[PDB]
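Asker: PDB entry and its sequence, pasted below:
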Amino acid sequence: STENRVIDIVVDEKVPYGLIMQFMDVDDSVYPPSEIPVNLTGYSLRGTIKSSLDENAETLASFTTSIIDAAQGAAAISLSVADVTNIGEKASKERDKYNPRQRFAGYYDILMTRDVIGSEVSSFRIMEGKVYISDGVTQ
Amino acid sequence: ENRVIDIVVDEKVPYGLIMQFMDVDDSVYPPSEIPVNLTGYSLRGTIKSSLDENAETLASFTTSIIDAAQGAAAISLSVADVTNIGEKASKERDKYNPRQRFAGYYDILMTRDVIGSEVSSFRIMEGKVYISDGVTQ
Amino acid sequence: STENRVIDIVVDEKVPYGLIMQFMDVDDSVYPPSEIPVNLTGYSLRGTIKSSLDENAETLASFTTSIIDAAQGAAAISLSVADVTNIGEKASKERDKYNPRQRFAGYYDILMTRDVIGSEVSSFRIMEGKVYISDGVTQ
Amino acid sequence: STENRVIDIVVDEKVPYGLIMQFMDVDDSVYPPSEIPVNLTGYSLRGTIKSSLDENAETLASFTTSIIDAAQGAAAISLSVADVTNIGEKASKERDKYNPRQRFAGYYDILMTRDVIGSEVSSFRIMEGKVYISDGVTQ
Amino acid sequence: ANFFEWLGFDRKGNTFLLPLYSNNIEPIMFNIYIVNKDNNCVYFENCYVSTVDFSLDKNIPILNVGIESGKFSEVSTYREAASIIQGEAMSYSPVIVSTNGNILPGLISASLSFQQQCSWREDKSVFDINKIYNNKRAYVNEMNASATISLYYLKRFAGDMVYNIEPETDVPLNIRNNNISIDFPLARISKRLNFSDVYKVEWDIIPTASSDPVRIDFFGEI
Amino acid sequence: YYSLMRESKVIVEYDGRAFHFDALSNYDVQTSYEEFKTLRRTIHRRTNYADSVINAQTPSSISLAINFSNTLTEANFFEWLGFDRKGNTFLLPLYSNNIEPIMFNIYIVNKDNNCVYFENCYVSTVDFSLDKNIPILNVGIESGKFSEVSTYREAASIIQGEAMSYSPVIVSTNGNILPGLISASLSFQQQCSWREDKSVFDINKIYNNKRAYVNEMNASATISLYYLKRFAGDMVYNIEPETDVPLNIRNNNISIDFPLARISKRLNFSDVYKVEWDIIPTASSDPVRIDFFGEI
Amino acid sequence: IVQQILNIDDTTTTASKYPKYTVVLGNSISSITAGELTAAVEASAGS
Amino acid sequence: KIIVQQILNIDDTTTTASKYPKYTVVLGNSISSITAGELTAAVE
Amino acid sequence: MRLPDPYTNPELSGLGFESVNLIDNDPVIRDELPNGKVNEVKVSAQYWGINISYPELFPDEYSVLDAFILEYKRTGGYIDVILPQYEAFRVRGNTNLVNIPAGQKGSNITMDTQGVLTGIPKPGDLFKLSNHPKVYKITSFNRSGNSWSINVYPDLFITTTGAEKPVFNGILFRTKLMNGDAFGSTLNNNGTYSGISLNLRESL
Amino acid sequence: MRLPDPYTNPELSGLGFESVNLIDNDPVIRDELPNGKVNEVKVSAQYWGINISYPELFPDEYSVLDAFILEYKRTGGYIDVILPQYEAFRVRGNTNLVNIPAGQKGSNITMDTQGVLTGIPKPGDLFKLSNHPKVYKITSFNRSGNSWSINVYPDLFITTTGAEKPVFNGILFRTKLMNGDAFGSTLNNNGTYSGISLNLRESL
């Protein structure tokens, strides 16, 4: 299927954020294709948000990251409320005509590494996109 | 299902809405579901005239857990509250179907107050709210 | 048919890059094809990237190269993060509306030789095309 | 007819060039045709590339030429790197719209002769065309 | 939206869903007046919806409906209706197509159709001799939801694979205007290419057997 | 990067050589995939979501419109169609040793490596008329497989040259010229069928057609004339169908000859009375001839 | 071969809300690279 | 009468020309034939 | 053994019936008298015939069915089946609390519900007695307070012992297969089997 | 002595079976008793029948077919057949290290896999014993660590000597051509042969 690496994100103001993800290897040599939980031992995650692709563009936040269930391929990433406030302050005023509650805020990437074999490491850009803040009237 | 839910209120009549939370697991088919224990959860919300952080408030819900084991909760407004909205909503009475009338935006939070002294929040619903004008007392 | 020598590559910035290539004879004698690894003993690979097809164009990087297995017939080429970072500042500044991260970088060209001469011929152009860089916001 | 003697070769810069040719006699009076390698003994081959058909045009390079395994009707022809680079240096500047890597260089012609009078001491054209250069980046 | 409700979507406020399997046998019967001055009115007694069909093709989106009706008569009067009146037209806005929030480059059009294929049960009997006869009941044969998309042919880089011709499958697909949204949670895509003066591609869309309920939403302009 | 027909290019590859038909006037093409689909209604569950799979590429038709070119390269179309060749002369063999039609291969090329390649093809029709207009040659082709590809074989000396100048048609029999011509139209065909090869071995693979067999060849023509008579009682230009007529048709640069032919006639009482001749060779006829001549 | 990542909003630790998305990464996280060389080195040193 | 020809590679040495491609080069960014589980077991 | 179906293996969505044909077989001697009388006499058992057609099957689900059928052949057991359209509930309750007087015979049953049951069966519902495999059809029902009376076809094969319990839901027919000696399947070029169908017979 | 096919001759793809029909034949004698019992008695072997159909054929691939069939007729040997739908390698390992105890008979096999094998069979897999040409079909399987057991249809045609080994892969039916006594090919003026089909019955 389509090799989509790209997903946009919608955080919400005044509220902490968290995302969980589950890794499965799928083999289509036999039908229907077989889906298997990835043993997530020894992997690690990073990622950062900044206001533009530019090489000088300032960082707005970085993710807290943790493994959740290594035998089940579960991991999670999150942002504290203070980070969310910084996003909301820095973000655009411009609104979006499809949903006026959303405001553009920056670009993100959750670069992931494996260090499992031979004590030597490798890294790849598993997921990428834009991030928006949704406004909230409840404080 | 998204977070987005519109609301319509009735002028000069008290308003109340009920919900219950459940877990789901489709690993059993047909999909299993079980009411979520709500013990310790609590709710908040407001209705305000605009998404602008400067916008004025119009009303605040009353809300209550009604049965923790059935996982059920309820929200309401009195006629005094609704009256306050009726006084201040927009007046763009539609030329062809005039009863519907826009009032503002709302958001409802719940806080999982719980043992361990952690707390976390997540927004359950968010949308627009309309009045329908009330010809009879 | 034609050789399909023309291939273009995309490099994810701020992350190491590597490509592996295997040389095989193939005999179509039976439905599961009789493919055989070519012996790569005493061969070497060269390749470079330049900003334009010209006598004095700028040179951006030289590939790191090696043979992983002379009998599985496998050679590999790679670029470090330092090289690709040197790319990312000199590639052009245009961005597509639907694909803002992708930037043109240059032209590339892979050349193979025997280490001890056959003399009648000594080398040949394996493959060529152009290189794009994908901007990224983590380290 | 000129329709089927003609083959537009494409050389490529900084690398020597070489061809191998098999001479088959055939008669399709049986289906599939009867076919044999021509015994090439006592023949020899010539040819050159010049920048124009005009009688004053420059000799850009002479082929290296050689029969091999004449009983099997094989022969080989080639150009050195010095030739390829000189023609690279002397061909036209105007890059081809479908393939900007390549440029026009000139015309060529291969003719062969009998060096023993057999039924004839005579010569004939075997292959014709024009030559294009692919530019190239790596040394 | 009541047209979709009568067509047999299940309804959740403004949300509509196809049920993956359906408990109906008869389609939802309903009744129609055509009214004019001078009591000059006509009445169609048993009817069902057979088709709803529209496109977002760079024009004010117009919704077609196909209906059948089994009986008619002329009549002198009609039921008044005055509060349930179709209001003002919504303002124009441009279509978007997306997959997992990837926007799709170079749109030309999107066209949708939904169906409720049915057959009338033939009931005529020798008891009906010397009487005029009508159809009275029909049974649902099938439902369909399907769409077409037209695009200009584009590629990111020559060796790319993501925008090839080959048919993808299990694509999640989302189509919207400002005021209308349609979602296929998983879909199968046929492709056809046309070498017109600018190369054009048509995608034929269908849900997969395992796909979840396709969703439709409406939003009112302020 | 978009693409444009106004700068598209077509290259034909055969015999390990390549032909650049530079003087293309138009072309039209489609591509499609076949799918198997079932809805599996079931009284346990009246499923509404169909189950379906894509299996095979459809055999594309191709259509071309080409102007006649000095240097005559388009004669290779007749050569591929299966005429025998003698320099510039072409002949129908009265009976043929082929079973498979002559397979050949096609590139469609454009800027930015945006190229397409059609792998197995055969000619099904060649068709043209001399109807008081620059004679345009249509071709119908089929192809059994396609794919997109990044590159193409160069071709530069085998290029279709400049267009030949206009000239008027003549029709004749034994050197009698025929009065009052209106038009002549010709068609030649190589009717074929693909052999369906799909097997349970192909399950979960995409399938293509790979071989076809020749069903028939045809050569036929139509002529339109004004109705004329020499004197009222004449017999030579009557309606009745002649047979065993030797017939010759030419321009300045092209000649066609039927050594013996059978003529149907149809008459139309349009405002000026018109006659159509339908032409076909007789079973005993010798090889029909075609010649080409280059303008100076 | 390809590998599938499901991702979904986290509401309260270990509890999650239905709105779900899928990433389809075109190469398995298990597929190796030049690590093959150093693994062969250390296996040979074990030998 | 007929002449057939092919390019002279550096690896093929010399041999009669042929009416097909001989060699194929296959490219990838990674090896799918080896799992981390295998390679780790092998080292371990 | 229970025939697999979309209740037992809901993921095998193709495995439900595309059509069924429940046939009554009622062997009789018939004679036609010259006076125009027709005489009929009931002898031997009435038995239900069932024809089933499946839709097209993918290979996996086919292989599951094939293995089931072969396991039946190997064991020599019985094929158990439940018709879904009758399966739709009407009566519910603890049927174990119903009590049936012994010695009832002939096509009328009476019982005391004690008021435990809820709803009532319709004509054309299925009915079964817990201790015997035969299935009966309800021709009519009569309430009188909590006592029920039912007229069934065919007539009862056995006198009530007084220990029976009724069963209105989940009724399984016990059957034997008539095609088994020559069963065989065609792999269509598209990768499906077609015409897969069964002629089942009750057996007592 | 395989029937030639695309895997053996990918150049001659026309030899790919257009569609195949696999039939069980289980000759049995049966009656229906007036009390509604069914009773049946088994004698004689089960056997697999296969029907094959081919499309239009060109002369080369046809000649290859005839060159095979006439070699078979002259030699009086057997025709080996592969059956692609079952070509899955879900079980592998040192099959020839497995021990089957002697004296197993009837329809259940138990094996000591000695922990050697990896993967498991599935219902509907084919199964064969190394020293005998018969093809059986798996009805059911169980594990108890290294010990396996499988219940298999039809019943075993032999008593185990203890020298047998299982064979999970590459099973070929051994068959001969019951149609073959009136075989022959139409030749159409297209230059193509038509109307070929084969009826095969296993033979031991």
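Answerer: Arrived safely, thanks for sending. Numbers count the residues shown, from 1 in each chain, chains lettered A, B, ... in the order given.
Asker: check contacts around the residue lying closest to residue H:32 once chain neighbours are set aside.
Answerer: The spatially closest residue to residue H:32, leaving aside those adjacent along the chain, is residue G:31, at 4.8 Å (C-beta to C-beta, 6 or more residues apart in numbering or on different chains). For the C-beta atoms, the positions are set from N, CA and C on the backbone; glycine is no exception. Going by C-beta atoms under 8 Å, 6 or more residues apart in numbering or on different chains, residue G:31 touches H:30, H:31, H:32, H:34.
Asker: repeat that for 10 Å
Answerer: Residue G:31 sits next to G:1, G:3, H:28, H:29, H:30, H:31, H:32, H:33, H:34, H:35, H:36 when contact means C-beta atoms under 10 Å, 6 or more residues apart in numbering or on different chains.
Asker: could you pull out the helices for chain A?
Answerer: Remark: helices assigned in chain A by DSSP state H are A:81-90.
Asker: who in it is up against chain F?
Answerer: Proximity of chain A to chain F, by C-beta under 10 Å from any C-beta of the partner chain, involves residues A:28, A:30, A:31.
Asker: tell me the one of these nearest residue C:37?
Answerer: residue A:28 (26.5 Å; C-beta to C-beta).
Asker: pretty sure the closest one contacts residue G:4?
Answerer: No. Residue A:28 lies out of contact with residue G:4 (C-beta atoms under 10 Å); the separation is 11.1 Å.
Asker: tell me which of these two has more neighbours.
Answerer: residue G:4 (17 against 12; other C-beta atoms under 10 Å in any protein chain shown).
Asker: so who does the more buried one touch?
Answerer: Residue G:4 is in contact with A:1, A:22-26, A:33, A:35, A:38, G:22-25, counting by C-beta under 10 Å, 6+ apart.
Asker: regarding the closest residue to chain H within chain E, what is its secondary structure?
Answerer: Nearest to chain H in chain E, going by C-beta to the nearest C-beta, is residue E:159, at a distance of 10.2 Å. With DSSP: H, G, I helix; E, B strand; the rest coil as the basis, the three-state label of residue E:159 is coil.
Asker: how much space between it and residue A:7?
Answerer: Applying C-beta to C-beta, to the nearest Å, the value for residue E:159 to residue A:7 is 24 Å.
Asker: who's more crowded, those two?
Answerer: Between residue E:159 and residue A:7, residue A:7 has the larger neighbour count (other C-beta under 10 Å), namely 20 against 15.
Asker: pretty sure that one contacts residue G:22?
Answerer: Yes. The criterion here is C-beta under 10 Å, and residue A:7 meets it with residue G:22 at 8.8 Å.
Asker: overlap in contacts, those two.
Answerer: Contacts common to residue A:7 and residue G:22, judged by C-beta under 10 Å, 6+ apart, are E:100, G:5, G:7.
Asker: how near is the second one to chain D?
Answerer: By that I understand residue G:5. Per C-beta to the nearest C-beta, to the nearest Å, residue G:5 is found 38 Å from chain D.
Asker: let me see the contact set for that residue.
Answerer: A:5, A:7, A:21-24, A:38, A:73, A:75, A:126-127, G:21-25, G:29.
Asker: the same query, at a cut-off of 8 Å, please.
Answerer: Counted by C-beta under 8 Å, 6+ apart, residue G:5 has contacts A:21, A:22, A:23, A:24, A:126, A:127, G:22, G:23, G:24, G:25.
Asker: just the buried residues of those residues.
Answerer: Buried members of the contacts of residue G:5, scored by 16 or more other C-beta atoms under 10 Å in any protein chain shown, are A:21, A:22, A:23, A:126, A:127, G:22, G:23, G:24, G:25.
Asker: take those and keep only those in strands.
Answerer: When DSSP state E is applied, those are split such that A:21, A:22, A:23, G:22, G:23, G:24, G:25 fall in strands.
Asker: which strand or helix spans the nearest residue to the fifth one once chain neighbours are set aside?
Answerer: In space, and not counting its chain neighbours, residue G:23 is closest to residue G:5: 4.1 Å by C-beta to C-beta, 6+ apart. Per DSSP states H and E, residue G:5 falls inside strand G:3-12.
Asker: just the closest of the shared contacts of residue A:7 and residue G:22 to chain I, please.
Answerer: Closest approach to chain I among these (C-beta to the nearest C-beta): residue G:5, at 23.9 Å.
Asker: relative to residue G:22, how far out is that closest one?
Answerer: Counting by C-beta to C-beta, the gap from residue G:5 to residue G:22 is 7 Å.
Asker: circling back: reformat the shared contacts of residue A:7 and residue G:22 as a markdown table; add distance to residue C:82.
Answerer: Output for the shared contacts of residue A:7 and residue G:22, formatted as a markdown table (distance: C-beta to C-beta, whole Å):
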| residue | distance to residue C:82 |
| --- | --- |
| E:100 | 33 |
| G:5 | 30 |
| G:7 | 32 |
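Asker: just say helix, strand or coil for the residue in chain E positioned nearest to chain I.
Answerer: Taking C-beta to the nearest C-beta, chain I has its nearest neighbour within chain E at residue E:209, 7.4 Å off. Recorded secondary structure, residue E:209: coil (three-state DSSP).
Asker: ok, the residue nearest to it when sequence neighbours are not counted to chain B distance?
Answerer: Once flanking residues are discounted, residue E:209 sits nearest to residue F:51: 4.5 Å by C-beta to C-beta, 6+ apart. The gap separating residue F:51 from chain B is 18 Å, by C-beta to the nearest C-beta.
Asker: again, but for residue A:117
Answerer: Relative to chain B, residue A:117 is positioned 34 Å away (C-beta to the nearest C-beta).
Asker: also residue I:124?
Answerer: Counting by C-beta to the nearest C-beta, the gap from residue I:124 to chain B is 27 Å.
Asker: let me see the ranges of the strands in the chain.
Answerer: Since you didn't name a chain, this refers to chain A. Here chain A has its strands, by DSSP E, at A:9-12, A:17-27, A:34-37, A:43-45, A:48-50, A:59-62, A:64-69, A:74-79, A:102-109, A:112-114, A:122-124, A:128-134.
Asker: wrong chain, I was asking about chain E
Answerer: E:10-12, E:15-17, E:30-34, E:41-55, E:63-69, E:72-75, E:96-99, E:102-103, E:107-120, E:138-152, E:169-176, E:180-194, E:200-207, E:215-218.
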